[PDB]
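All residue numbers for the sequence shown refer to the entry's author numbering, where the first residue is 3 and numbers rise by one.
The beta-carbon is built from N, C-alpha and C at its ideal position, and this holds for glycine as well.
Here's the structure, in structure tokens; my notes come after.
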Amino acid sequence: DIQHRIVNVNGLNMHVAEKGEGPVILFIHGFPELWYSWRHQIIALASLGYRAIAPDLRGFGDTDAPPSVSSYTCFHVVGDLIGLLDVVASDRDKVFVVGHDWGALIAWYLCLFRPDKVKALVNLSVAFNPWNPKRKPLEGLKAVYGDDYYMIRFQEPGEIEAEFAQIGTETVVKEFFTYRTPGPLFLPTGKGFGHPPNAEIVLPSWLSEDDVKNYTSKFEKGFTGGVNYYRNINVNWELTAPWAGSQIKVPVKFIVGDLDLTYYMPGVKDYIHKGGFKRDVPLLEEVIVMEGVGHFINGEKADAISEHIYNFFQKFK
């Protein structure tokens with residue numbers, strides 16, 4: 003059975019799911035995800051000699067959610083993870099890391115700030131984000147996509163929360179998790195996802211009703227914690243100028259589905275395939291583009307992702 007604990011990390015109570023013995027694999031979920039999003043990987047790794055550790059991030063699930071938006075920079079979350087490793091894996095020099103979506107971003111920062119703590123990295127969906135002095139990220143995103151782009155809609159405090167409350171938690175969860183468009187997600191102002199009211203949402207074969215119930219029971223407490231991550235995008239950029247020109251010093255395996263919208267953000271495809279990714283991440287071993295796979299690749303292709311994780315981390319035994 004998967005073990006669940008509440009652990010105090012420098013005053014932040016974090017919910018940690020854990021299973022197995024052996025080398026530590028730290029799973030970092032994204033938005034709007036939880037530890038639950040790694041459950042298959044937690045099993046399909048614990049039964050292979052690894053100690054899978056998946057926390058609810060700051061502001062998610064059963065982890066404490068600080069009320070201020072200023073408490074959700076990348077530094078706060080990476081510090082949470084460093085303290086968590088010091089509490090539950092103190093006798094471990096380095097750990098393995100697997101990230102997805104915002105988690106992937108966090109993983110990048112974790113490898114950027116503390117490469118001494120990471121043995122190898124498997125990141126999903128989101129490729130590395132080299133610091134760019136020319137333009138703030140939100141400004142470029144808005145210049146390409148406009149004000150109804152979901153990351154822009156998330157910025158003003160309270161607005162997207164009001165729209166989500168109008169839509170209902172379960173419907174919001176389904177709208178996010180069943181998304182399969184290889185393009186920008188638009189949230190028309192005052193109209194939610196811009197879909198007819200009480201329309202049917204057909205769940206894919208990898209997402210069950212019980213998964214939706216698990217996500218809904220946790221996000222009924224609020225989406226603000228996860229949205230604050232997006233609300234700190236420009237803050238992260240403004241505070242990460244010290245790492246202009248930095249290189250990730252960690253072996254990395256990157257996996258993404260060719261229907262994932264993040265794969266089609268400005269310049270991402272050329273960055274991954276035309277040499278910039280390999281330049282910024284010198285130990286990037288392989289890039290895996292799965293055909294016909296969407297954003298939630300660790301859920302849509304659970305066994306394949308588990309096998310990729312295991313095969314990559316076996317090269318460092």
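How about residue i and residue j: are their beta carbons less than 8 Å apart?
i: residue 83; j: residue 28; result: yes
i: residue 288; j: residue 255; result: yes
i: residue 31; j: residue 19; result: no
i: residue 310; j: residue 264; result: no
i: residue 253; j: residue 109; result: no
i: residue 266; j: residue 184; result: yes
i: residue 188; j: residue 152; result: yes
i: residue 61; j: residue 230; result: yes
i: residue 97; j: residue 268; result: no
i: residue 291; j: residue 258; result: yes
i: residue 63; j: residue 102; result: no
i: residue 86; j: residue 11; result: yes
i: residue 37; j: residue 3; result: no
i: residue 383; j: residue 196; result: Only positions 3 to 319 of the chain appear in this structure, which leaves residue 383 out of reach.
i: residue 246; j: residue 135; result: yes
i: residue 112; j: residue 308; result: no
i: residue 90; j: residue 55; result: yes
Quick one: measure Cβ to Cβ for residue i and residue j, integer angstroms, because I've assumed they're closer than 8 Å.
i: residue 129; j: residue 232; result: With a Cβ gap of about 18 Å, residue 129 and residue 232 do not count as contacting.
i: residue 299; j: residue 127; result: 7 Å
i: residue 261; j: residue 301; result: Between residue 301 and residue 261 the Cβ distance is about 14 Å, and since that is not below 8 Å, they are no contact.
i: residue 71; j: residue 159; result: 6 Å
i: residue 175; j: residue 242; result: The pair is not a contact, with the Cβ atoms about 31 Å apart (cut-off 8 Å).
i: residue 304; j: residue 42; result: 4 Å
i: residue 285; j: residue 279; result: Between residue 279 and residue 285 the Cβ distance is about 12 Å, and since that is not below 8 Å, they are no contact.
i: residue 53; j: residue 81; result: Rounded, the Cβ-Cβ distance is 22 Å, inconsistent with contact.
i: residue 248; j: residue 114; result: 6 Å
With respect to the alpha helix (DSSP H) encompassing residue i, which residues constitute its N-terminal and C-terminal limits?
i: residue 246; result: Careful: residue 246 lies outside any alpha helix (DSSP H) and carries neither H nor E.
i: residue 158; result: Neither: residue 158 is in no alpha helix (DSSP H) and is coded neither H nor E.
i: residue 389; result: No statement about residue 389 is possible, as the shown extent of the chain runs from 3 to 319 and does not include it.
i: residue 41; result: 41-48
i: residue 140; result: 139-147
i: residue 193; result: Neither: residue 193 is in no alpha helix (DSSP H) and is coded neither H nor E.
i: residue 230; result: 226-233
i: residue 84; result: 76-90
i: residue 222; result: Where residue 222 is concerned, there is no enclosing alpha helix (DSSP H), given that its DSSP letter is neither H nor E.
i: residue 270; result: 270-275
i: residue 281; result: 278-282
Can you give me the start and stop residues for the beta strand (DSSP E) that residue i sits inside?
i: residue 259; result: 254-259
i: residue 57; result: 53-57
i: residue 179; result: Residue 179 -> not in any beta strand (DSSP E); alpha helix (DSSP H) instead, spanning 171-179.
i: residue 7; result: 5-11
i: residue 17; result: 14-21
i: residue 299; result: Taken as a continuous stretch (DSSP letters only), residue 299 belongs to no beta strand (DSSP E), being part of the alpha helix (DSSP H) at 299-302.
i: residue 287; result: 286-292
i: residue 29; result: 26-30
i: residue 120; result: 120-126
Within 10 Å of its beta-carbon, does residue i have 16 or more other beta-carbons around it, so buried, or fewer, so exposed?
i: residue 125; result: buried
i: residue 8; result: exposed
i: residue 100; result: buried
i: residue 281; result: exposed
i: residue 318; result: exposed
i: residue 191; result: exposed
i: residue 34; result: buried
i: residue 92; result: exposed
i: residue 137; result: exposed
i: residue 228; result: buried
i: residue 277; result: exposed
i: residue 15; result: exposed
i: residue 132; result: buried
i: residue 22; result: buried
i: residue 51; result: exposed
Notebook entry, point to check: Do the stretch 192-208 and the stretch 226-245 make contact, defined as three or more Cβ pairs closer than 8 Å?
Noted result: Result no; under three Cβ-Cβ pairs closer than 8 Å.
Query raised in the report: Are the stretch 216-224 and the stretch 58-67 touching, with three or more C-beta to C-beta distances below 8 Å?
Result: Because the criterion of three Cβ pairs below 8 Å is met, the stretch 216-224 and the stretch 58-67 touch.
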